[PDB]
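1. following this: a sequence and the matching experimental structure.
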Amino acid sequence: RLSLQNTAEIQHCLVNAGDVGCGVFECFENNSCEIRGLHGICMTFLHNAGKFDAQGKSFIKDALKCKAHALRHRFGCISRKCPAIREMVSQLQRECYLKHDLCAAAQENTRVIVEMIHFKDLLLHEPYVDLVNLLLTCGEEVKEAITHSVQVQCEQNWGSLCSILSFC
Amino acid sequence: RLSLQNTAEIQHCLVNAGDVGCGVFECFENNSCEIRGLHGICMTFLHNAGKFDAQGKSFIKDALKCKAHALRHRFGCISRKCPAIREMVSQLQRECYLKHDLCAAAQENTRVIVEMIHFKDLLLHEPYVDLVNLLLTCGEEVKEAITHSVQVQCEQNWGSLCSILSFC
Amino acid sequence: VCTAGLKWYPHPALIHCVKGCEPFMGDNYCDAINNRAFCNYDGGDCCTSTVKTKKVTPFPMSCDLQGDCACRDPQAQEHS
Ligand SMILES: [Ca+2]
C-alpha cells in the first residue's frame, strides 16, 4: 500500500544519496509504511560509534555500508505491500548483522549497547526490535545484560505493566 | 506542567458537563498530560454495555457515575505536575472499580471484555492499563482468559517481539 | 378468579407474559425498552424536555435519536 509518489521520491534518494552517510536512511523515514527509526538508528549509532571500540567502529562501518547497499539493490520487485517492505527490511538487517559479526561487538561493548537501547525507541520502531532479538541470541552474558537493561527501562517506564507482561 | 488555560477549560467543562455521559471525560482528552482514552473508555463501554448483562449494565453505569463525580470533586488542589494527575486518575479508577465490584461483573462477561480489549488500546493508554491490571486480579479463569487474549493480540501485532518479551 | 361457569376468568389462554422494561426508568439513559407507555416512557429519559439533564443520551448511543429512542411521550412539549 506504499504511495507511488513515495516510491518515486525514495528511488530518487537511492539514485542520488550516496551509501556512505545517513541521508539514504534520512529519507527512508516519513514513509507511508510507518517503518520508522532508521533516522534514529543511524543517528544514535553514529553518535555512539566513537564509544564503540576499534572493532566496534569497523563493524558499524561495515553494517552501515551493507544496509545502504543492500537496501539500494534489493529495492526492486518488492511488492507495494508495507508488510512485505518490513519483511524484506528485516531480512536485510539480519543478513548485514550476521555476516558482519554483530555479536562479538556486543560482547566487546555490552555497556555501550545497553546505553543506546531505550525502551521507548524499542517500543516505537521495528528495527530496534530486530536488533534486540538478535542481541538475545548473541551471547549468554550479553543476552543476560540486555534482558536486565530492558527489564530496568521497562519497569521504570511502565510501572506494574512490566511485571504484567513478564509472568516469568 | 498542565497549562493554566487548560486547567480553566477543564474546570469549566466539569462544572458544565453532567455526571452522566461522556461529557466529563470528553474534555479530559487532549490534555497536556497525555492521559488519553477516557472519551474512548466512555464511548466503547457505552457501546458494549448492552452486550453486558443486567448486572454488568448496573455496574458500568455505577462506575461511570463514580468516575465522573469523584474525578470532578477531588480535582481540587492537586499540584500542576502530570504524574500526580495520572496517579490520582488511577486511584479513582481502581476505587470506583473495587467499590462497584468490577471483578465479579467481569467474571460474568469475560468474553465481552476480551472483545473490547485491544493490544493497541493497552499499548497507548494508562487507564486501560489500570483496568487490565485489576482484571488480572479478578478471578483465576478471568485472568487466564485475559492473558490468552492479550497474548493473542500482542503476538498478532508484534509477532516474535511478543514471544521474546514474554520469556516464560 | 374462576367464575361459576367452570372456566378461569381471565382465561389463561387470553393472558400471556410479555417481557417487561428495565429498572432504568428515570436514569437519564434513553433505552428503547423502557421508552413505552407501559412504564412512564422510560421515566422521561428519551424526551429532552422531560429528562432532568435537558438532554437525551441513548443507551447505547448507536440507537437512533429519531428511531425507537425518539421522544415517544405525547405530553412532552416536543410532541406539542
Ligand atoms: Ca433508561
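-> Structure's in. What do you need? Numbers count the residues shown, from 1 in each chain, chains lettered A, B, ... in the order given.
2. tell me how many other residues crowd residue 55.
-> Defaulting to chain A. 14 (other C-beta atoms under 10 Å in any protein chain shown). C-betas here are computed from N, CA, C, even on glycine.
3. was after chain C, sorry
-> Neighbour tally, residue C:55, other C-beta under 10 Å: 13.
4. again, but for residue C:62
-> Residue C:62: 10 neighbours (other C-beta under 10 Å).
5. pretty sure it sits against residue B:48.
-> No: using C-beta atoms under 8 Å, residue C:62 is not in contact with residue B:48, being 10.3 Å away.
6. what residues are up against residue A:57?
-> A:49-50 (C-beta atoms under 8 Å, 6 or more residues apart in numbering or on different chains).
7. whoops, residue C:53 was the one
-> B:18, B:20, C:28.
8. same check on residue A:145?
-> Residue A:145 neighbours (C-beta under 8 Å, 6+ apart): A:110, A:114.
9. next up, phi/psi of it, please.
-> Dihedral pair for residue A:145: phi -60, psi -40, per degrees, to the nearest 10.
10. mind checking the SS state of residue A:114?
-> helix (DSSP: H, G, I helix; E, B strand; the rest coil).
11. before we move on, the earlier item: dump the contacts of residue C:53 to CSV, plus distance to chain A.
-> Formatted as CSV, the contacts of residue C:53 follow (distance: C-beta to the nearest C-beta, whole Å):
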residue, distance to chain A
B:18, 32
B:20, 31
C:28, 36
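12. how about those residues in TSV, adding neighbour count and secondary structure?
-> Listed next are the contacts of residue C:53 as TSV, based on neighbours: other C-beta atoms under 10 Å in any protein chain shown; DSSP: H, G, I helix; E, B strand; the rest coil:
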residue	neighbour count	secondary structure
B:18	16	coil
B:20	21	coil
C:28	23	coil
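13. nearest to the ion among those residues?
-> Nearest to the ion out of the contacts of residue C:53 is residue C:28 (C-beta to the ion; 7.4 Å).
14. dihedrals phi and psi, that closest one?
-> Taking degrees, to the nearest 10 as the convention, residue C:28 sits at phi 70, psi 0.
15. try residue C:57
-> phi -110, psi 110.
16. how about the nearest residue to it, chain neighbours excluded?
-> residue B:21 (4.9 Å; C-beta to C-beta, 6 or more residues apart in numbering or on different chains).
17. measure the one you found to residue B:105 for me?
-> 21 Å (C-beta to C-beta, to the nearest Å).
18. tell me which helix or strand comes right after the helix or strand hosting residue A:24.
-> Assessed by DSSP states H and E, residue A:24 sits inside helix A:23-28. Once the chain leaves helix A:23-28, the next helix or strand it forms, by DSSP H and E, is helix A:38-47.
19. and that next one, how far out from the chain middle?
-> Distance of helix A:38-47 from its chain centroid, counting by C-alpha atoms, centre = their mean, to the nearest Å, is 9 Å.
20. buried set for it?
-> A:38-42, A:44-45 (16 or more other C-beta atoms under 10 Å in any protein chain shown).
21. can I get the CA coordinates of it in PDB?
-> The C-alpha coordinates for helix A:38-47 follow below in PDB (Å, rounded to 0.1, in the frame of the first residue of the first chain):
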ATOM      1  CA  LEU A  38      16.000   4.500  10.600                       C
ATOM      2  CA  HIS A  39      16.800   8.100  11.200                       C
ATOM      3  CA  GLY A  40      17.100   7.300  14.900                       C
ATOM      4  CA  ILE A  41      19.100   4.100  14.200                       C
ATOM      5  CA  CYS A  42      21.700   5.800  12.100                       C
ATOM      6  CA  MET A  43      21.900   9.000  14.200                       C
ATOM      7  CA  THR A  44      22.200   7.000  17.500                       C
ATOM      8  CA  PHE A  45      24.700   4.500  16.200                       C
ATOM      9  CA  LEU A  46      27.000   7.100  14.500                       C
ATOM     10  CA  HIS A  47      26.800   9.300  17.700                       C
END
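22. what's near enough to touch residue A:116?
-> By C-beta under 8 Å, 6+ apart, the neighbours of residue A:116 are A:44-45, A:48.
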